[PDB]
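Everything on this sheet refers to the single structure shown next.
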Amino acid sequence: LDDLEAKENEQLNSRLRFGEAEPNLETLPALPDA
Amino acid sequence: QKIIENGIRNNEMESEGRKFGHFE
Amino acid sequence: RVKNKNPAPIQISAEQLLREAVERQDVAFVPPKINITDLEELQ
């Protein structure tokens, strides 16, 4: 959907009024070890 | 009899083999 | 500086975990063999 919106802008808010979605902890890739 | 005596000899040799193979 | 957050060139893998777990085993225990110097310890 976001990619379609981006291509929509080339030839041419409800989620925007609040901050970005905090990611789910269990679905993110593992942090590389130091 | 010989099997007993062989066991006794082998145990004696290994017991002195502790000193024999002490350093190798 | 204990602040080298660079990702390690080698990453800990599961198989490494289990291999370095099993390295903790040693050979079977070696007891001093009993010596039978007369008929008593034989019987």
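Residues in the structure tokens are numbered from 1 in each chain, the chains being A, B, ... in the order shown, and ligands are numbered from 1 in the order shown.
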
Practice task
Identify all chain C residues at most 8 Å from chain A by counting only C-alpha atoms; ligands do not count. Present them as a PyMOL selection string.
Solution key: chain C and resi 4-8+11

Handout entry: Selection: 10 Å around segment 4-7 of chain B, only C-alpha atoms, excl. self and same-chain fewer than 4 positions, as a PyMOL selection string
Key = (chain B and resi 11-13) or (chain C and resi 35-39+42-43)

Those selected residues, please, written with C-alpha atoms and delivered as a compact mmCIF listing (two decimals), in the first residue's frame.
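File written: again.txt
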# COMPACT_ATOMS: atom_id res chain seq x y z
CA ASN B 11 48.96 -59.27 39.10
CA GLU B 12 52.49 -59.39 40.52
CA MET B 13 54.04 -58.25 37.23
CA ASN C 35 45.80 -56.84 42.28
CA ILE C 36 45.23 -60.46 43.31
CA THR C 37 48.48 -61.63 44.89
CA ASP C 38 47.15 -64.83 46.50
CA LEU C 39 44.19 -67.20 46.54
CA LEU C 42 40.97 -64.53 43.98
CA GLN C 43 38.18 -66.41 45.72

Exercise for the section: Report the residues of chain B whose backbone DSSP state falls under helix (DSSP H, G or I), written as a PyMOL selection string. Expected result: chain B and resi 2-20

Quick one: write out the picked residues with C-alpha atoms as a PDB file, in the first residue's frame?
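Contents of the output file part.pdb:
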ATOM      1  CA  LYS B   2      47.448 -72.860  36.390  1.00  0.00           C
ATOM      2  CA  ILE B   3      44.772 -70.230  35.814  1.00  0.00           C
ATOM      3  CA  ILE B   4      45.035 -69.123  39.451  1.00  0.00           C
ATOM      4  CA  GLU B   5      48.824 -69.126  39.242  1.00  0.00           C
ATOM      5  CA  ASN B   6      48.752 -67.129  35.988  1.00  0.00           C
ATOM      6  CA  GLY B   7      46.429 -64.574  37.551  1.00  0.00           C
ATOM      7  CA  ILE B   8      48.812 -64.252  40.491  1.00  0.00           C
ATOM      8  CA  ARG B   9      51.852 -63.850  38.225  1.00  0.00           C
ATOM      9  CA  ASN B  10      50.107 -61.258  36.057  1.00  0.00           C
ATOM     10  CA  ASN B  11      48.965 -59.272  39.095  1.00  0.00           C
ATOM     11  CA  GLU B  12      52.492 -59.391  40.522  1.00  0.00           C
ATOM     12  CA  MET B  13      54.039 -58.249  37.233  1.00  0.00           C
ATOM     13  CA  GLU B  14      51.542 -55.387  36.865  1.00  0.00           C
ATOM     14  CA  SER B  15      52.128 -54.351  40.489  1.00  0.00           C
ATOM     15  CA  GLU B  16      55.850 -54.139  39.829  1.00  0.00           C
ATOM     16  CA  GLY B  17      54.966 -52.637  36.432  1.00  0.00           C
ATOM     17  CA  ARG B  18      53.688 -49.607  38.269  1.00  0.00           C
ATOM     18  CA  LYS B  19      57.320 -48.962  39.179  1.00  0.00           C
ATOM     19  CA  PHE B  20      58.460 -50.275  35.779  1.00  0.00           C
TER      20      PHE B  20
END

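Using only C-alpha atoms, the residues found no farther than 12 Å from segment 13-23 of chain A, other than those of its own chain fewer than 6 positions away, are residues 2, 5 and 29 of chain A.
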
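Straight-line separation from atom CA of residue 27 of chain C to atom CA of residue 14 of chain C: 24.2 Å.
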